[PDB]
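A.B. asks: Sharing a structure with you now.
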There are 6 protein chains.
Amino acid sequence: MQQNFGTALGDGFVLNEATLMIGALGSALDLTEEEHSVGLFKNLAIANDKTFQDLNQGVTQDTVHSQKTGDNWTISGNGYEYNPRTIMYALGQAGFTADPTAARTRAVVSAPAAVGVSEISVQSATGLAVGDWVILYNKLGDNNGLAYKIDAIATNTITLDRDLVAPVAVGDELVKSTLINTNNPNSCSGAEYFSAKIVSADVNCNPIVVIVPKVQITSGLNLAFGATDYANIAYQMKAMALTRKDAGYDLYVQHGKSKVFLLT
Amino acid sequence: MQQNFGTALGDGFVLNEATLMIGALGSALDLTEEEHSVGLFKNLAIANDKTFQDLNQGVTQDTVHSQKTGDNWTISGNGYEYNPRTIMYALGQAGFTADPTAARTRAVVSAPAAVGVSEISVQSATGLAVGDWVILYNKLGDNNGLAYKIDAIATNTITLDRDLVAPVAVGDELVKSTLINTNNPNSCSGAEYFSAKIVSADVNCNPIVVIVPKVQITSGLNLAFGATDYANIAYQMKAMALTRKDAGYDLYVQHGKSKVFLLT
Amino acid sequence: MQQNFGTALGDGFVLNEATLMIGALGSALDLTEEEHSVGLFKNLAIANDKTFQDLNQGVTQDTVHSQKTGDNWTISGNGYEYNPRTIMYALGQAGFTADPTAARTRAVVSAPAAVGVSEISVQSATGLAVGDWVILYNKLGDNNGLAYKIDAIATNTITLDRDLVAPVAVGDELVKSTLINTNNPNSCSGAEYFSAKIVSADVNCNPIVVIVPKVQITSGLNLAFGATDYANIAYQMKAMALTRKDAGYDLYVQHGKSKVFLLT
Amino acid sequence: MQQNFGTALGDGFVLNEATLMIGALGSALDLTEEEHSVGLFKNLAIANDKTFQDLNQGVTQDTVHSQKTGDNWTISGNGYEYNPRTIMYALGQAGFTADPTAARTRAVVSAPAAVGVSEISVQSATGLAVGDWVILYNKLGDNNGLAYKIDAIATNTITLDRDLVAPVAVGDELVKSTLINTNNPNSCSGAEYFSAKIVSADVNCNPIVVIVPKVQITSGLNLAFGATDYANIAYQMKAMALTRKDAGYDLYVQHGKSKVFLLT
Amino acid sequence: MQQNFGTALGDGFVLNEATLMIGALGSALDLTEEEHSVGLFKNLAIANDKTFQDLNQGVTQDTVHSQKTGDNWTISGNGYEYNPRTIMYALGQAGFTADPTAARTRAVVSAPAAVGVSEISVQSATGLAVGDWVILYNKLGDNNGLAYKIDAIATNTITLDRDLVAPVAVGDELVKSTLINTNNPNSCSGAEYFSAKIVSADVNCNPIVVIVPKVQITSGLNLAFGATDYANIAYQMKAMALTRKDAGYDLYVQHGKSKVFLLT
Amino acid sequence: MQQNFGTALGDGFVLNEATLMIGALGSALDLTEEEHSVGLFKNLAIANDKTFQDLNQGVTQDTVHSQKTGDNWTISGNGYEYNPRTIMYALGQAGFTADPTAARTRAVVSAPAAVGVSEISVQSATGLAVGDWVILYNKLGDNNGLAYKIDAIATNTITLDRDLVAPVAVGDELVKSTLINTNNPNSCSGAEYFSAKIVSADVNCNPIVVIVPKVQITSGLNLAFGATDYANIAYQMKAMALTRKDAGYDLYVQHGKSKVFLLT
């Protein structure tokens with residue numbers, strides 16, 4: 001005679017992870033994983049907070065009216081990949097321009113160099129151009145982490161920007177690197193806006209798509225070193241309302257001026 | 001000679017879950033599980049908080065009078081189902097209009113489509129109409145989560161709203177979906193009111209019914225993705241006093257102007 | 001040669017539970033368990049907090065005088081019974097009028113009823129009167145928790161207050177129930193005062209009696225549903241000083257104007 | 001070659017409990033355990049807090065002077081005995097007047113009494129006097145905890161202050177009790193001062209004596225009922241400076257106006 | 001090819017305890033363990049906190065200047081010895097005058113004494129002088145912790161300051177004790193300054209010496225009794241800058257006006 | 001048919017420790033581990049915090065503009081080495097001038113010295129000069145930690161600055177030490193600026209270099225003694241913007257006025 005209360009009426013349950021794609025403003029619906037995804041993303045969460053203003057009357061304060069004063073959307077997660085794209089994303093810059101699967105050249109030194117010189121001889125200058133950054137790799141000795149900028153390439157001789165402080169022997173390598181600057185000088189205000197898309201699925205493989213026309217990344221670069229577990233970057237984003245001059249305004253007003261709309 | 005203190009005088013103990021039904025304003029007593037229930041609901045709690053104002057006299061502050069200044073009712077729980085009805089409920093919209101047991105069409109593509117086209121050929125356009133939303137499902141490749149709106153259906157040819165950015169091969173599927181907008185443009189204030197009903201039972205299968213003529217959903221949509229446990233939505237509701245223009249005012253004044261009344 | 005410090009001088013130790021009785025104002029000494037007890041009560045605690053005002057002199061602040069500014073008594077516990085008496089107690093109403101061992105009638109339907117009718121035929125209308133509340137119990141199907149008020153009883157035909165929204169078959173039952181309203185309309189202020197008594201015993205079966213002439217219940221109804229453990233109601237009471245118009249003022253001034261006095 | 005730092009220079013270590021004695025003002029040095037001790041006392045702690053006022057100069061704030069503005073002494077512990085003496089101590093009253101090893105009379109009823117009578121017949125009225133309080137003990141039935149005051153004793157007939165609400169059969173007992181009132185009407189302010197003494201010993205059985213000429217009990221009566229562990233009362237005391245009119249002022253000024261002095 | 005980062009460059013690691021010495025002002029460099037050490041000291045910690053004031057310009061608040069506004073040094077630890085020296089140290093008094101290895105006399109009573117007398121006969125008055133304090137030790141009976149001051153010694157008869165309240169039998173002992181007063185009447189302000197020294201060693205037995213010319217003890221006497229673990233006293237000290245009139249000013253200005261200097 | 005979401009797109013994961021190098025202002029790119037490293041460093045973390053100022057319009061507060069008001073960089077870690085270089089670094093002084101692998105002389109006494117003398121005879125005065133500091137090491141007896149300054153060396157006789165307070169026997173040693181003063185008298189403000197560099201690697205041995213042209217050490221010396229685990233020093237640094245007069249300003253403006261730039 002026992003009766004069960006609060007039982008299920010369907011099968012739409014969610015146990016999975018989600019993919020976060022960030023791209024240029026105006027192309028929220030046309031984001032692809034290869035070109036716009038972040039990478040290994042864990043614990044993606046979406047939060048909504050609403051605030052109301054109430055008018056009350058009487059001793060017992062009976063509400064006669066209630067007015068919404070603001071709703072806020074927040075996106076957070078953890079990223080487990082340190083490449084130029086993810087670092088640029090974490091710094092609030094356009095990270096989709098870079099690539100996570102790029103190669104690193106590794107040239108080989110064929111002639112020893114002493115302290116005080118600014119020229120080096122390599123096996124072949126293929127993949128290295130003027131203005132590139134290289135990090136010296138020494139087979140024996142401590143790693144001082146010395147980076148040099150290539151100024152001129154003539155034949156097999158590379159001229160570095162500044163004189164050497166440690167000797168380079170035969171067999172050492174010059175590993176190509178990318179320079180990332182934490183300050184963007186072309187942004188007057190320092191705030192840059194993007195578009196976002198979130199993709200997931202149900203237990204029955206029913207897709208879930210969440211589209212945010214405008215987002216702002218309010219977090220910063222966080223790198224913690226340790227031997228216990230893998231380092232990760234904490235992400236935080238907020239959704240904003242579009243204006244007349246903003247790209248994608250037509251999509252914004254077509255969907256009832258919604259910051260976020262779902263396709264379930 | 002040992003004596004027992006604080007012993008039981010009856011058998012009315014409660015160890016069970018409860019069913020929460022939300023419906024239109026004015027029909028609090030006629031809610032049915034199939035049409036108005038939320039679904040899998042866990043940890044339903046009802047809370048009452050009362051505030052008093054006291055007048056005191058003397059050095060020791062002896063109370064001469066005490067006046068109630070307000071009582072508040074709050075309903076909370078966890079929902080484990082992600083369908084249009086529950087999402088609409090969580091967003092503060094009329095979720096009883098939708099259905100949790102609806103079907104998804106899944107059409108089959110019979111002709112390959114390249115990048116830059118906006119027309120596709122399917123096996124049969126049964127269940128798909130103009131203005132519907134479809135999510136492309138690719139058997140091979142990454143899932144970019146691309147959604148399209150059907151603009152015109154002629155014979156077996158479907159014209160999508162915008163040009164393709166990824167190719168569609170033979171055997172791909174178009175999964176029907178529903179569009180949910182987080183902003184309701186027909187609400188001047190943004191606050192919408194409903195009726196609620198809670199059903200449970202004792203250990204001896206004695207029913208318990210709680211009826212709330214007016215409620216307001218003060219929470220928001222909360223979706224958290226992870227591989228540890230199933231995702232759920234946290235709900236929060238508050239009871240309010242009815243006015244002359246509100247539907248169900250006759251029931252409100254008949255029961256002594258009570259926000260909540262019980263039938264145990 | 002070892003010496004023991006802080007040793008016991010008697011045998012008055014307390015390891016037991018206590019019984020809490022709440023009754024009408026003025027009869028604090030004549031409360032009986034059957035008519036005034038709450039039921040299964042756990043973790044009963046009595047707390048006293050005193051505040052003093054000190055006058056200080058000198059740089060080191062030597063106290064010259066100290067004046068008491070107020071003492072407060074608080075009673076709390078957990079109740080594990082959900083019946084009309086305990087719910088009325090938790091709501092701040094006179095719960096001793098109801099009974100925890102009352103019966104529920106359960107009538108049997110002998111004729112099917114369709115949707116849209118407001119009359120039903122039962123086996124026998126014994127125990128059911130005009131104005132009673134009944135909850136429909138269906139053997140098969142979901143439990144929508146539908147409650148009806150009896151308007152008129154003629155022969156074996158019962159006329160309900162409103163039309164049916166779900167069909168009733170043969171074999172269904174009408175379970176009698178009691179209506180509890182959370183708002184008392186006959187109280188101008190909303191604060192109602194009672195008397196209390198606490199009974200316990202020592203390890204040597206020596207009775208302990210605590211008598212509080214006036215109490216106010218400052219808590220509210222708290223119901224939490226779950227499958228982990230039994231639901232309980234948290235109680236909170238405060239002791240107050242009696243006035244000239246209050247019943248039992250003679251007992252108050254006879255015992256030195258004490259809010260609480262003990263008989264150990 | 002390893003060297004040990006922070007080694008011991010003596011054997012004065014303390015692992016034991018302490019005895020707390022509270023008595024009348026002026027007799028701090030002549031307190032005895034039988035007449036002034038509290039009983040089973042656990043976790044006795046003494047705390048000192050000092051406050052200073054500093055005068056600083058310069059950008060780096062170099063202190064030129066420092067003046068003490070007050071020192072405070074606090075005594076706390078847990079008591080595991082519920083008798084009139086300990087309850088009076090916890091309420092801030094002179095508890096040394098009562099005794100913890102007193103007896104309880106227990107008279108036997110030799111004639112049944114019905115509801116509505118105010119006279120009872122006992123075996124022998126030895127140990128019971130006019131004005132005493134008795135708690136009725138019933139062999140069979142629930143324990144309502146009924147207390148009566150004896151008004152007149154003639155032969156074997158005892159006249160109670162108020163009419164009976166429950167019947168008394170043959171074999172029931174009248175247990176003598178003591179009435180404790182939480183409010184002292186003979187204290188104008190509500191603050192009463194006492195003397196204290198603390199006795200302990202070292203590991204080598206070297207006595208430790210702490211003498212506090214004046215203390216004030218700032219805590220209140222705390223009784224918590226439960227089946228997990230034994231109930232206890234939390235104590236808190238503060239030391240104060242004596243004045244000219246206070247008893248024991250000669251001892252105060254003889255020891256340099258010290259609130260607490262030790263004999264180790 | 002794996003490379004290790006953040007590797008050690010020497011062997012100066014510290015796993016040991018430290019010795020804390022407190023002595024008179026002006027002799028910070030000449031403190032010896034026997035005469036100035038505290039005793040069993042555990043968990044010695046040294047803390048430095050610095051505060052800066054910054055001047056900022058622009059919207060992004062670029063610092064143009066930063067000025068130190070104060071540095072603070074704090075010394076803390078736990079002491080596990082209760083003797084006159086450590087108690088005097090904890091009370092903020094000159095504890096180096098006392099000795100931790102002093103003896104306690106223990107005289108033997110050779111004649112019974114009744115209640116009301118103030119004279120006692122002992123075996124031999126060796127080690128006891130006029131003005132000493134003695135604690136009576138009774139072989140049988142409760143320990144009331146009674147302390148008496150010797151007023152006059154004639155032959156084998158000792159005259160106590162006040163009359164007896166408990167009888168003394170044959171075989172009882174009079175244990176000599178020391179009187180400690182918590183208030184120093186010869187200090188106008190209540191703040192007394194000392195010198196400190198800390199001694200430790202590395203893993204390779206390389207000594208570490210820390211010298212603090214002036215310290216102030218800001219803690220108080222803390223005694224907690226219990227049967228779980230040994231009682232200890234928490235210490236706290238702060239370093240201060242010396243003035244012209246302070247002893248050791250020459251050492252202060254010779255080392256660049258440093259509050260603390262190290263010899264590692 | 002199961003699909004995986006949030007998958008990895010590369011192999012740039014980080015599980016390793018990092019090396020922190022601190023050197024003179026202006027040479028951020030030319031720091032070497034032997035001369036500028038701290039030593040055993042654990043749990044190195046880099047944190048970025050950004051603040052924005054928003055202009056809002058309407059009841060719902062739609063942001064029209066957002067302006068950055070400041071970004072902050074913080075570097076923290078734990079150091080497990082106590083030598084002059086690390087102590088000077090922790091005190092905010094130029095620690096790269098000292099060396100962590102220096103030797104300690106240890107001279108041998110060949111003639112006993114009594115209390116009150118200020119001259120001592122050693123085996124050979126090699127490695128000891130005028131003005132050096134020596135700590136006396138006694139083979140037998142307690143360690144008082146006595147330090148002396150050498151005033152004059154003639155033949156094998158060493159004259160100490162002050163008279164002896166403890167005797168020195170034959171076989172005792174004089175261990176050379178270094179004096180560190182916590183206050184720098186040549187700094188007008190007390191704030192000194194340095195350059196920093198951080199070196200690490202990926203799982204595939206791809207170097208990571210972080211360069212901070214200007215840092216300020218805002219922490220202080222923290223030494224905690226105990227027998228449980230090894231003592232360590234907590235470090236904290238903050239990055240600042242360079243000015244015209246600061247060294248390395250050319251590097252600052254060349255990289256877009258960035259406080260921190262990365263080479264990954």
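Residue numbers start at 1 in each chain; chains themselves are named A, B, ... in the order of the structure tokens; ligands are numbered from 1 in the order shown.
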Could you please select, counting only C-alpha atoms, the residues of chain C within 6 Å of chain B and state them as number ranges by chain?
C.D. replies: C: 17-19, 39-41, 69-70, 81-82, 101, 144-145, 177-183, 185, 189-190, 220-227, 230-231
A.B. asks: Give me every strand (DSSP E) residue in range 12-235 of chain C, going by DSSP on the backbone, as a ChimeraX atom specification.
C.D. replies: /C:19-23,41-57,62-79,107-108,119-121,133-137,147-154,157-160,173-177,179-181,194-201,207-217,223-224,233-235
A.B. asks: Just the residues within 10 Å of range 124-129 of chain D, please, counting only C-alpha atoms, with nothing from its chain fewer than 5 positions along; format it as a list in words.
C.D. replies: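 Result of the neighbour search: residues 103, 104, 105, 106, 107, 108, 109, 110, 134, 150, 151, 152, 153, 154, 155, 156, 157, 158, 174, 175 and 176 of chain D.
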A.B. asks: Please produce a file of the residues just selected, as a short mmCIF file (atom, residue, chain, number, x, y, z; two decimals), in the first residue's frame, where the atoms kept are N, CA, C and O atoms.
C.D. replies:
```cif
data_model
loop_
_atom_site.label_atom_id
_atom_site.label_comp_id
_atom_site.auth_asym_id
_atom_site.auth_seq_id
_atom_site.Cartn_x
_atom_site.Cartn_y
_atom_site.Cartn_z
N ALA D 103 18.69 14.48 52.73
CA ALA D 103 17.84 13.33 52.49
C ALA D 103 16.50 13.77 51.90
O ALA D 103 16.07 14.91 52.07
N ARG D 104 15.77 12.83 51.28
CA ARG D 104 14.39 13.08 50.76
C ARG D 104 13.45 12.14 51.53
O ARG D 104 13.72 10.94 51.49
N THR D 105 12.39 12.64 52.18
CA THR D 105 11.57 11.80 53.10
C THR D 105 10.81 10.60 52.52
O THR D 105 10.92 9.54 53.15
N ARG D 106 10.07 10.72 51.42
CA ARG D 106 9.21 9.61 50.89
C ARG D 106 8.19 9.05 51.90
O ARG D 106 8.51 8.02 52.51
N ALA D 107 6.98 9.63 52.02
CA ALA D 107 5.89 9.15 52.89
C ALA D 107 5.01 8.21 52.06
O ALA D 107 5.11 8.29 50.84
N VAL D 108 4.20 7.36 52.69
CA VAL D 108 3.40 6.36 52.00
C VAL D 108 1.92 6.66 52.25
O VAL D 108 1.52 6.93 53.38
N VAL D 109 1.13 6.60 51.19
CA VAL D 109 -0.30 6.88 51.27
C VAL D 109 -1.03 5.62 51.70
O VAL D 109 -0.83 4.54 51.12
N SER D 110 -1.89 5.74 52.71
CA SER D 110 -2.63 4.61 53.26
C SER D 110 -4.12 4.68 52.98
O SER D 110 -4.87 3.83 53.48
N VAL D 134 6.06 18.84 48.30
CA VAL D 134 6.09 17.41 48.03
C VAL D 134 5.68 17.17 46.59
O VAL D 134 4.81 17.87 46.05
N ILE D 150 2.37 21.77 51.59
CA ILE D 150 1.65 21.34 52.78
C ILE D 150 1.18 22.57 53.55
O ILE D 150 1.97 23.45 53.89
N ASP D 151 -0.13 22.63 53.82
CA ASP D 151 -0.72 23.76 54.53
C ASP D 151 -0.95 23.49 56.01
O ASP D 151 -0.71 24.38 56.83
N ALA D 152 -1.40 22.30 56.37
CA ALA D 152 -1.64 21.96 57.76
C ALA D 152 -1.52 20.45 57.94
O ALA D 152 -1.98 19.69 57.09
N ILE D 153 -0.90 20.04 59.04
CA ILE D 153 -0.75 18.63 59.38
C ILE D 153 -1.47 18.38 60.69
O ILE D 153 -1.09 18.92 61.73
N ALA D 154 -2.52 17.55 60.64
CA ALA D 154 -3.25 17.13 61.83
C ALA D 154 -3.30 15.61 61.84
O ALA D 154 -3.80 15.00 60.88
N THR D 155 -2.80 15.01 62.92
CA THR D 155 -2.68 13.56 63.02
C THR D 155 -1.96 12.99 61.80
O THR D 155 -0.81 13.36 61.54
N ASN D 156 -2.62 12.11 61.06
CA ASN D 156 -2.06 11.53 59.84
C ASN D 156 -2.65 12.15 58.58
O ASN D 156 -2.44 11.61 57.49
N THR D 157 -3.38 13.25 58.70
CA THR D 157 -4.03 13.89 57.56
C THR D 157 -3.24 15.12 57.14
O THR D 157 -2.94 15.98 57.97
N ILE D 158 -2.91 15.19 55.85
CA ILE D 158 -2.16 16.31 55.28
C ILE D 158 -3.08 17.07 54.34
O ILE D 158 -3.70 16.48 53.45
N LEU D 174 4.83 10.41 48.53
CA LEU D 174 5.01 11.86 48.49
C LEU D 174 6.48 12.15 48.75
O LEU D 174 6.96 12.01 49.88
N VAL D 175 7.20 12.56 47.71
CA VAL D 175 8.63 12.79 47.79
C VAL D 175 8.87 14.26 48.14
O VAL D 175 8.39 15.15 47.44
N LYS D 176 9.61 14.50 49.22
CA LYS D 176 9.93 15.86 49.62
C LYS D 176 10.87 16.52 48.62
O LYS D 176 11.72 15.87 48.02
#
```
A.B. asks: What is the distance, in Å and to one decimal place, between CA of residue 191 in chain B and CA of residue 238 in chain B?
C.D. replies: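 CA of residue 238 in chain B lies at a distance of 12.2 Å from CA of residue 191 in chain B.
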